[PDB]
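Quick notes on the structure that follows.
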Protein chains: 6
Amino acid sequence: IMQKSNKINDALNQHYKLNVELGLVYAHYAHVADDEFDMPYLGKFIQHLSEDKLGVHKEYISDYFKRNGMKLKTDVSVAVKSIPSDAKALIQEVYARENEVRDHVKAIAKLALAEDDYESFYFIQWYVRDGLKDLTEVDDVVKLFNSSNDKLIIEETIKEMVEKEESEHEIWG
Amino acid sequence: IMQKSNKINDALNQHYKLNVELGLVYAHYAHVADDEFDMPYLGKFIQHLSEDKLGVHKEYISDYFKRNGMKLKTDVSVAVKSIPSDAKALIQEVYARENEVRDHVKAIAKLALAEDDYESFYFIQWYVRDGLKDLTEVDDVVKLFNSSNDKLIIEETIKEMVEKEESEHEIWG
Amino acid sequence: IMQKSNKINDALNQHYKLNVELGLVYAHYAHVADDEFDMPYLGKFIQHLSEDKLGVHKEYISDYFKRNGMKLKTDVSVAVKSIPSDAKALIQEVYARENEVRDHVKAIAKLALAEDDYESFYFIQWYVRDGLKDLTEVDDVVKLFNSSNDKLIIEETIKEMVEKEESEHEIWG
Amino acid sequence: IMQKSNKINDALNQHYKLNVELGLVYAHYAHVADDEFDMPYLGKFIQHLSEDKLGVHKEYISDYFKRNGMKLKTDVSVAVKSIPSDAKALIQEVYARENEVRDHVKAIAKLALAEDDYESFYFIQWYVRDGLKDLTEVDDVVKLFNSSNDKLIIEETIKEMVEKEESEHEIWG
Amino acid sequence: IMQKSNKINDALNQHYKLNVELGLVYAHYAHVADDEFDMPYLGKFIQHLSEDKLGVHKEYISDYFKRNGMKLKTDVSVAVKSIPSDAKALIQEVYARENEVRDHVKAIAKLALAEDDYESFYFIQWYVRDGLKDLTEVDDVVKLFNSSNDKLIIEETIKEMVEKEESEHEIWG
Amino acid sequence: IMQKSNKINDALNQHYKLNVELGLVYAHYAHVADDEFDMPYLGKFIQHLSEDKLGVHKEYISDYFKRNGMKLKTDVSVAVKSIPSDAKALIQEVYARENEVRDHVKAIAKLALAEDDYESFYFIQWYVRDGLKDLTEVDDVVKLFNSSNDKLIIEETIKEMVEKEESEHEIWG
Ligand SMILES: [Cl-]
Ligand SMILES: [Cl-]
Ligand SMILES: [Cl-]
Ligand SMILES: [Cl-]
Ligand SMILES: [Cl-]
Ligand SMILES: [Cl-]
Ligand SMILES: [Fe+3]
Ligand SMILES: [Fe+3]
Ligand SMILES: [Fe+3]
Ligand SMILES: [Fe+3]
Ligand SMILES: [Fe+3]
Ligand SMILES: [Fe+3]
Ligand SMILES: [Fe+3]
Ligand SMILES: [Fe+3]
Ligand SMILES: [Fe+3]
Ligand SMILES: [Fe+3]
Ligand SMILES: [Fe+3]
Ligand SMILES: [Fe+3]
Ligand SMILES: [Fe+3]
Ligand SMILES: [Fe+3]
Ligand SMILES: [Fe+3]
Ligand SMILES: [Fe+3]
Ligand SMILES: [Fe+3]
Ligand SMILES: [Fe+3]
Ligand SMILES: [Fe+3]
Ligand SMILES: [Fe+3]
Ligand SMILES: [Fe+3]
Ligand SMILES: [Fe+3]
Ligand SMILES: [Fe+3]
Ligand SMILES: [Fe+3]
Ligand SMILES: [Fe+3]
Ligand SMILES: [Fe+3]
Ligand SMILES: [Fe+3]
Ligand SMILES: [Fe+3]
Ligand SMILES: [Fe+3]
Ligand SMILES: [Fe+3]
Ligand SMILES: [Fe+3]
Ligand SMILES: [Fe+3]
Ligand SMILES: [Fe+3]
Ligand SMILES: [Fe+3]
Ligand SMILES: [Fe+3]
Ligand SMILES: [Fe+3]
Ligand SMILES: [Fe+3]
Ligand SMILES: [Fe+3]
Ligand SMILES: [Fe+3]
Ligand SMILES: [Fe+3]
Ligand SMILES: [Fe+3]
Ligand SMILES: [Fe+3]
Ligand SMILES: [Fe+3]
Ligand SMILES: [Fe+3]
Ligand SMILES: [Fe+3]
Ligand SMILES: [Fe+3]
Ligand SMILES: [Fe+3]
Ligand SMILES: [Fe+3]
Ligand SMILES: [Fe+3]
Ligand SMILES: [Fe+3]
Ligand SMILES: [Fe+3]
Ligand SMILES: [Fe+3]
Ligand SMILES: [Fe+3]
Ligand SMILES: [Fe+3]
Ligand SMILES: [Fe+3]
Ligand SMILES: [Fe+3]
Ligand SMILES: [Fe+3]
Ligand SMILES: [Fe+3]
Ligand SMILES: [Fe+3]
Ligand SMILES: [Fe+3]
Ligand SMILES: [Fe+3]
Ligand SMILES: [Fe+3]
Ligand SMILES: [Fe+3]
Ligand SMILES: [Fe+3]
Ligand SMILES: [Fe+3]
Ligand SMILES: [Fe+3]
Ligand SMILES: [Fe+3]
Ligand SMILES: [Fe+3]
Ligand SMILES: [Fe+3]
Ligand SMILES: [Fe+3]
Ligand SMILES: [Fe+3]
Ligand SMILES: [Fe+3]
Ligand SMILES: [Mg+2]
Ligand SMILES: [Mg+2]
Ligand SMILES: [Mg+2]
Ligand SMILES: [Mg+2]
Ligand SMILES: [Mg+2]
Ligand SMILES: [Mg+2]
Ligand SMILES: [Mg+2]
Ligand SMILES: [Mg+2]
Ligand SMILES: [Mg+2]
Ligand SMILES: [Mg+2]
Ligand SMILES: [Mg+2]
Ligand SMILES: [Mg+2]
């Protein structure tokens, strides 16, 4: 009884992979934001996102697998072979990748219902919520690049974003 | 003047890669220690080592590159396609990989002197020291598997290792 | 036994001289940043660098000489006969001088090894590390002049730099 | 209206120069007091005087110039090519130089009145007062060398002088 | 891989021996300073140096050997068969022995570089720094015997030296 | 009057020698307990005993000699040329040496009475008491090796022994 779903196991190993590789890309993007684009606060913002992906995002999957019999796979390949040409396109690329996260997570929730895997539907709610939360945080930074042409002004607003004391929204937080 | 050394830049990008990939392997090994071998404290020990490799070990290199003109490369490929057969061989494999870290770091220090790159010789001292420190921490766990045949006894000693309040040795710490 | 190296003694007297004269130039540059360029926070930043050069940078050499038999020489000549034409070129000139510090310090470390003077190699590590740290702090200010065209915006970021509570990096700090 | 006095501007640039060069001589004398004469507390006393000359003594002039249109000049040349033969003559030479400070400052106050430069007469009162205060502190050390022939006894009294908690005299302080 | 250097192992066993034997000589010299020369504070100063040599100086070597495979040897022979004739020559003999420590340590650092043993070069930096620090502390006491002919005056200065609250120099401390 | 006993002076110089040499042997045994036998807590236990022998055990004799005219001799020769084959025999050898301490101390007390040296009989009571106390502490560790065959179980009991807050027995403490 309660035999783990091979399809969910695959979908969650792929999401594990995605969060690792994304995290490594973001670590590179954070370096470049500071080093090439002269926006260390943008770099800190993107670095925080990198450690989020390589931290709880992947840890919760590993933890879940230990509880239910699913098998963990580590299979990672990512190379950063070109970077966006400026800081605005850098954060817009981060926005694009987060939007894809929401789409991947949606498929997993849909599959959990199809499989009548209610523990997995429950588990993925965290990622359903976090998909929109992370996108909103990235969206808040994208907006700055359309509200001013001064990189130091933008940097000052990002600084208060990343130094703000963590305050989670009642629903999305 | 003060043109960065291309050879050191390469050696440090390779060490960056090594710490990322090692960190990902250790994350898998930590999962398996708990999940397959029933040693969650061994898992916590190995997980702490994974976050060390994927944290300060790689961050200090990125930070160094920003200061001196060296270029960061992200090029990562690692797959965990077989695991050691039991917990003792698991930690012994971690020991083997840490011993190789010391050997890689030694080459970088030797090269920094060859290149008369004294900022890089200075920078790598942290990794010279940490090479032996991490090996010693791993060695302390390996020892347990030769001092008792009872996994719960071993687990209890590992627990106090990982829950001990961080105390750095005057030289190696 | 343990007869001090005349070559190191000369190289360190020359570095003592350099830090005195640099410190006096920076004191002038700080005056001009405020007085001519209307950037008092840039002035405070450069003044802090002046007191650093005329403080610990020279004091540690004098202290070192007392311990090992090296002779101190005071021979100082510096006149500020032209200034850069604007604040951006002012900080860029400070950047140029700090880059030369790294080059002078590198030669001293190389010479200490050549002389098998390991106390002097040890002593100069502080200056190896500080060469890059000071350059990085200056680099952070140079960057501002390329990220905004508004002197008050630049001044506000410099203000938080110089008023920030001193936080030393684990390696470079 | 309120056009700065070129004569005062010159006299104060010369006093700026004097305080820089004196400060550098005192730094050397402090080194020698400890290193050659075995009187580290005398060295600390003279070092404190060096940092006074290179600190507020020169900073107040730079600050004054920013407020009134006077131009700062940095033109510094000083070499310590012989030292007094013992500690008593060392402090007596410091006494001689401080006595000359009083004479230079007197001329500036006299000139400010001649120029009807009452802001400059006001400004120089600090230096009028400090001329006698510094001379008195130096005088207190000179006295010790005539009250005992034992360098350690002298050193113990100097120690309590320099370690005393700063207490400014109502008039001279 | 990472096979320990037999030459460094020998040099460090010899330094272990030196610190043990020195420590035992200093324990005797401390006894004599008090008992024969009536200078208990000089005795406390020399006793503190004895416990330093027999404490961390030797402990760090033993600790190092445990981490890297080097073998510890205990082979100790020392007899105090004559003592200096007075307190001044007593501390001057301590000065002579500390000067030899610096020379022994220099050889070990030179050998570590020759052996491309960068963990051992790192390890010995503590002894490079401490070689000069201990010599400076001894030098400070030697100086007293040339600054006064009164043993109680000398004793009072030594008392404040040994009772001073430990304050480490940024570089040498 | 009150002329010191040459026989007691000899017996106490020999006991001084014994405590030095024992202390050095124990320092080696502590290294080996950790390094070869994988029992770092046994190592800490034996290291504490080493510092006891090289600390108060010898210091009280030196102090005693200063008060009464006895002469201190430093004449030390000890080499550790073979070690016991396992941890149990290691602590059993420590037990054997402590048992001999009791026998040496007994002879000194007997001699003090024979010499009508009541200050020396008084002085040696500390060593009479400590002879049994140290033997009892060693005995408590020996016992563990007969109560379990698991080195980690033994190590856990030793850990609480050495980390216990010092509590002296009303008589033996
Ligand atoms: Cl199903
Ligand atoms: Cl090069
Ligand atoms: Cl030489
Ligand atoms: Cl006028
Ligand atoms: Cl080799
Ligand atoms: Cl008798
Ligand atoms: Fe840059
Ligand atoms: Fe930065
Ligand atoms: Fe977050
Ligand atoms: Fe978790
Ligand atoms: Fe699994
Ligand atoms: Fe590729
Ligand atoms: Fe790419
Ligand atoms: Fe940009
Ligand atoms: Fe664009
Ligand atoms: Fe589906
Ligand atoms: Fe997230
Ligand atoms: Fe299970
Ligand atoms: Fe668990
Ligand atoms: Fe750690
Ligand atoms: Fe960093
Ligand atoms: Fe780069
Ligand atoms: Fe593969
Ligand atoms: Fe594999
Ligand atoms: Fe197992
Ligand atoms: Fe096995
Ligand atoms: Fe090389
Ligand atoms: Fe590490
Ligand atoms: Fe237990
Ligand atoms: Fe327990
Ligand atoms: Fe103005
Ligand atoms: Fe101002
Ligand atoms: Fe600073
Ligand atoms: Fe200093
Ligand atoms: Fe000198
Ligand atoms: Fe000129
Ligand atoms: Fe110029
Ligand atoms: Fe400007
Ligand atoms: Fe311009
Ligand atoms: Fe050279
Ligand atoms: Fe600096
Ligand atoms: Fe603002
Ligand atoms: Fe603001
Ligand atoms: Fe000297
Ligand atoms: Fe000193
Ligand atoms: Fe003052
Ligand atoms: Fe001011
Ligand atoms: Fe001006
Ligand atoms: Fe000249
Ligand atoms: Fe001169
Ligand atoms: Fe003198
Ligand atoms: Fe004289
Ligand atoms: Fe006049
Ligand atoms: Fe003054
Ligand atoms: Fe006496
Ligand atoms: Fe006494
Ligand atoms: Fe000390
Ligand atoms: Fe240690
Ligand atoms: Fe060993
Ligand atoms: Fe002999
Ligand atoms: Fe001798
Ligand atoms: Fe004497
Ligand atoms: Fe004499
Ligand atoms: Fe060599
Ligand atoms: Fe020391
Ligand atoms: Fe006194
Ligand atoms: Fe006194
Ligand atoms: Fe081992
Ligand atoms: Fe250990
Ligand atoms: Fe004890
Ligand atoms: Fe005592
Ligand atoms: Fe005696
Ligand atoms: Fe022998
Ligand atoms: Fe033996
Ligand atoms: Fe054993
Ligand atoms: Fe046995
Ligand atoms: Fe008898
Ligand atoms: Fe005892
Ligand atoms: Mg399948
Ligand atoms: Mg259905
Ligand atoms: Mg290349
Ligand atoms: Mg070379
Ligand atoms: Mg010369
Ligand atoms: Mg050579
Ligand atoms: Mg003019
Ligand atoms: Mg008039
Ligand atoms: Mg050999
Ligand atoms: Mg070579
Ligand atoms: Mg006799
Ligand atoms: Mg009788």
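In the structure tokens, chains take the letters A, B, ... in the order shown, each chain's residues start at 1, and ligands count up from 1 in the order shown.
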Open item on the list: Taking only C-alpha atoms into account and nothing else, which residues of chain C lie no more than 9 Å away from chain E? Please answer as a ChimeraX atom specification.
Closed with: /C:1-2,60,64,66-68,113,116-119,122-123,126
Restricted to C-alpha atoms, what would the selected residues look like written as a PDB file, in the first residue's frame?
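The file below, again11.pdb, is the result:
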```pdb
ATOM      1  CA  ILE C   1      73.001  35.335  13.762  1.00  0.00           C
ATOM      2  CA  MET C   2      69.676  36.764  12.468  1.00  0.00           C
ATOM      3  CA  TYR C  60      53.827  49.031  11.625  1.00  0.00           C
ATOM      4  CA  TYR C  64      58.954  46.232  12.917  1.00  0.00           C
ATOM      5  CA  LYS C  66      62.522  48.304  16.535  1.00  0.00           C
ATOM      6  CA  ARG C  67      62.206  44.546  16.860  1.00  0.00           C
ATOM      7  CA  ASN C  68      64.856  43.409  14.399  1.00  0.00           C
ATOM      8  CA  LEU C 113      61.650  35.173  -0.231  1.00  0.00           C
ATOM      9  CA  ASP C 116      65.134  33.954   2.948  1.00  0.00           C
ATOM     10  CA  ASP C 117      63.776  36.622   5.307  1.00  0.00           C
ATOM     11  CA  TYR C 118      60.708  34.823   6.599  1.00  0.00           C
ATOM     12  CA  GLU C 119      59.919  37.309   9.383  1.00  0.00           C
ATOM     13  CA  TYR C 122      55.351  37.283   7.323  1.00  0.00           C
ATOM     14  CA  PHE C 123      55.318  41.006   8.138  1.00  0.00           C
ATOM     15  CA  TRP C 126      49.520  42.528   6.071  1.00  0.00           C
TER      16      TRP C 126
END
```
With only C-alpha atoms and all ligand atoms counted and 12 Å as the cut-off, give the residues of chain E in contact with ligand 74, each with its shortest interatomic distance in Å and the pair that gives it, as CSV.
```
residue,atom,partner,partner_atom_place_in_ligand_line,distance
E:73,CA,ligand 74,1 (Fe),10.9
E:74,CA,ligand 74,1 (Fe),9.4
E:75,CA,ligand 74,1 (Fe),9.8
E:76,CA,ligand 74,1 (Fe),12.0
```
Task: Given 7 Å and only C-alpha atoms and all ligand atoms, residues near ligand 62 as a list in words - done: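 Protein and nucleic-acid residues within 7 Å of ligand 62: residues 37, 86, 87 and 88 of chain E.
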Output N, CA and C atoms for every residue in that selection, as a compact mmCIF listing (two decimals), in the first residue's frame.
```txt
# COMPACT_ATOMS: atom_id res chain seq x y z
N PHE E 37 68.94 35.67 42.83
CA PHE E 37 69.13 37.06 42.43
C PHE E 37 68.13 38.03 43.06
N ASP E 86 74.70 36.70 37.21
CA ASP E 86 73.83 37.72 37.78
C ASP E 86 72.60 37.84 36.90
N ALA E 87 71.65 38.67 37.34
CA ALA E 87 70.34 38.72 36.69
C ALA E 87 70.46 39.25 35.26
N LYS E 88 71.29 40.28 35.05
CA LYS E 88 71.48 40.81 33.71
C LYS E 88 71.97 39.74 32.74
```
TODO: Can you work out the spacing between CA of residue 42 (chain D) and CA of residue 164 (chain E) in Å, to one decimal?
DONE: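 A separation of 18.8 Å between them.
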Task: Every residue of region 60-92 of chain C that DSSP places in helix (DSSP H, G or I), as a ChimeraX atom specification - done: /C:60-68,87-92
Just write the chosen residues, N, CA and C atoms, as a PDB file, in the first residue's frame.
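The result, stored in selection_10.pdb:
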```pdb
ATOM      1  N   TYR C  60      53.395  50.425  11.585  1.00  0.00           N
ATOM      2  CA  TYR C  60      53.827  49.031  11.625  1.00  0.00           C
ATOM      3  C   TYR C  60      55.263  48.859  11.137  1.00  0.00           C
ATOM      4  N   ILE C  61      55.713  49.682  10.183  1.00  0.00           N
ATOM      5  CA  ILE C  61      57.095  49.572   9.728  1.00  0.00           C
ATOM      6  C   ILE C  61      58.051  50.024  10.827  1.00  0.00           C
ATOM      7  N   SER C  62      57.796  51.202  11.406  1.00  0.00           N
ATOM      8  CA  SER C  62      58.610  51.663  12.522  1.00  0.00           C
ATOM      9  C   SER C  62      58.661  50.610  13.625  1.00  0.00           C
ATOM     10  N   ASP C  63      57.498  50.082  14.002  1.00  0.00           N
ATOM     11  CA  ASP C  63      57.452  49.046  15.026  1.00  0.00           C
ATOM     12  C   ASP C  63      58.307  47.838  14.637  1.00  0.00           C
ATOM     13  N   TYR C  64      58.162  47.365  13.392  1.00  0.00           N
ATOM     14  CA  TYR C  64      58.954  46.232  12.917  1.00  0.00           C
ATOM     15  C   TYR C  64      60.452  46.496  13.061  1.00  0.00           C
ATOM     16  N   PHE C  65      60.900  47.701  12.686  1.00  0.00           N
ATOM     17  CA  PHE C  65      62.329  48.017  12.722  1.00  0.00           C
ATOM     18  C   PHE C  65      62.887  47.923  14.144  1.00  0.00           C
ATOM     19  N   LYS C  66      62.098  48.355  15.140  1.00  0.00           N
ATOM     20  CA  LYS C  66      62.522  48.304  16.535  1.00  0.00           C
ATOM     21  C   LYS C  66      62.778  46.880  16.991  1.00  0.00           C
ATOM     22  N   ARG C  67      62.093  45.915  16.389  1.00  0.00           N
ATOM     23  CA  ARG C  67      62.206  44.546  16.860  1.00  0.00           C
ATOM     24  C   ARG C  67      63.408  43.825  16.268  1.00  0.00           C
ATOM     25  N   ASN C  68      63.923  44.262  15.124  1.00  0.00           N
ATOM     26  CA  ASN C  68      64.856  43.409  14.399  1.00  0.00           C
ATOM     27  C   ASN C  68      66.190  44.057  14.056  1.00  0.00           C
ATOM     28  N   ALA C  87      36.038  65.598  -9.952  1.00  0.00           N
ATOM     29  CA  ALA C  87      36.010  64.603  -8.885  1.00  0.00           C
ATOM     30  C   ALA C  87      36.276  63.202  -9.423  1.00  0.00           C
ATOM     31  N   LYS C  88      35.703  62.868 -10.581  1.00  0.00           N
ATOM     32  CA  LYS C  88      35.945  61.559 -11.183  1.00  0.00           C
ATOM     33  C   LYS C  88      37.433  61.312 -11.425  1.00  0.00           C
ATOM     34  N   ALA C  89      38.131  62.286 -12.004  1.00  0.00           N
ATOM     35  CA  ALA C  89      39.560  62.099 -12.233  1.00  0.00           C
ATOM     36  C   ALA C  89      40.342  62.125 -10.923  1.00  0.00           C
ATOM     37  N   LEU C  90      39.822  62.818  -9.914  1.00  0.00           N
ATOM     38  CA  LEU C  90      40.451  62.806  -8.598  1.00  0.00           C
ATOM     39  C   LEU C  90      40.500  61.388  -8.034  1.00  0.00           C
ATOM     40  N   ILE C  91      39.382  60.698  -7.973  1.00  0.00           N
ATOM     41  CA  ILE C  91      39.338  59.340  -7.438  1.00  0.00           C
ATOM     42  C   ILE C  91      40.033  58.331  -8.336  1.00  0.00           C
ATOM     43  N   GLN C  92      40.095  58.634  -9.614  1.00  0.00           N
ATOM     44  CA  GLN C  92      40.787  57.775 -10.524  1.00  0.00           C
ATOM     45  C   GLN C  92      42.267  57.923 -10.305  1.00  0.00           C
TER      46      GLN C  92
END
```
Task: Within 8 Å of ligand 20 (only C-alpha atoms and all ligand atoms), residues as a ChimeraX atom specification - done: /B:48-49,52,134,166
Task: Close residues to ligand 22 using only C-alpha atoms and all ligand atoms, limit 7 Å, as an NGL selection string - done: (:A and (32 or 35-36)) or (:B and (65-66 or 69-72))
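The interatomic distance for the pair CA of residue 154 (chain F) and atom 1 (Fe, counted along the ligand's line) of ligand 76 works out to 15.0 Å.
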Open item on the list: I'd like to know which residues of chain F are strand (DSSP E or B) (by DSSP, run on the backbone); could you write them as a ChimeraX atom specification?
Closed with: /F:75-79
Can I get the selected residues back with C-alpha atoms, as a compact mmCIF listing (two decimals), in the first residue's frame?
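To be explicit, this is the file written out as part-v1.txt:
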```txt
# COMPACT_ATOMS: atom_id res chain seq x y z
CA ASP F 75 68.85 17.03 35.16
CA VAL F 76 66.39 15.44 32.75
CA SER F 77 66.69 12.49 30.40
CA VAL F 78 63.74 10.60 28.97
CA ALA F 79 63.03 8.93 25.63
```
Task: Long-range neighbours of residue 163 (chain C) as an MDAnalysis selection string, 10 Å cut-off, only C-alpha atoms, 3 positions minimum in chain - done: chainID C and resid 41 44:45 158:160 166
Any chance you can output those residues with N, CA, C and O atoms as a PDB file, in the first residue's frame?
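Dumped everything to again-v5.pdb:
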```pdb
ATOM      1  N   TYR C  41      31.596  64.280   1.256  1.00  0.00           N
ATOM      2  CA  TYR C  41      31.679  62.873   1.618  1.00  0.00           C
ATOM      3  C   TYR C  41      32.821  62.191   0.878  1.00  0.00           C
ATOM      4  O   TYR C  41      33.580  61.422   1.482  1.00  0.00           O
ATOM      5  N   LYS C  44      35.661  63.158   2.931  1.00  0.00           N
ATOM      6  CA  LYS C  44      35.814  62.309   4.108  1.00  0.00           C
ATOM      7  C   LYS C  44      36.383  60.948   3.724  1.00  0.00           C
ATOM      8  O   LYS C  44      37.256  60.419   4.418  1.00  0.00           O
ATOM      9  N   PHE C  45      35.913  60.370   2.612  1.00  0.00           N
ATOM     10  CA  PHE C  45      36.463  59.088   2.180  1.00  0.00           C
ATOM     11  C   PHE C  45      37.962  59.201   1.947  1.00  0.00           C
ATOM     12  O   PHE C  45      38.744  58.354   2.397  1.00  0.00           O
ATOM     13  N   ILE C 158      28.412  57.567  -1.158  1.00  0.00           N
ATOM     14  CA  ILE C 158      29.682  57.646  -0.436  1.00  0.00           C
ATOM     15  C   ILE C 158      29.439  57.828   1.061  1.00  0.00           C
ATOM     16  O   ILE C 158      30.142  57.249   1.901  1.00  0.00           O
ATOM     17  N   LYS C 159      28.445  58.640   1.418  1.00  0.00           N
ATOM     18  CA  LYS C 159      28.160  58.876   2.829  1.00  0.00           C
ATOM     19  C   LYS C 159      27.905  57.562   3.558  1.00  0.00           C
ATOM     20  O   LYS C 159      28.471  57.316   4.626  1.00  0.00           O
ATOM     21  N   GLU C 160      27.082  56.685   2.980  1.00  0.00           N
ATOM     22  CA  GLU C 160      26.821  55.424   3.662  1.00  0.00           C
ATOM     23  C   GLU C 160      28.043  54.511   3.644  1.00  0.00           C
ATOM     24  O   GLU C 160      28.231  53.725   4.577  1.00  0.00           O
ATOM     25  N   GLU C 166      32.475  49.486  10.488  1.00  0.00           N
ATOM     26  CA  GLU C 166      33.579  48.711   9.928  1.00  0.00           C
ATOM     27  C   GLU C 166      33.335  47.211  10.023  1.00  0.00           C
ATOM     28  O   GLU C 166      33.087  46.671  11.107  1.00  0.00           O
TER      29      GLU C 166
END
```
Task: For CA of residue 162 (chain A) and CA of residue 50 (chain A), the interatomic separation in Å (one decimal) - done: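 Distance between the two atoms: 13.4 Å.
In this comparison, which uses only C-alpha atoms, the residue of F:39, F:55, F:46, F:153 approaching residue 23 (chain E) most closely is F:55.
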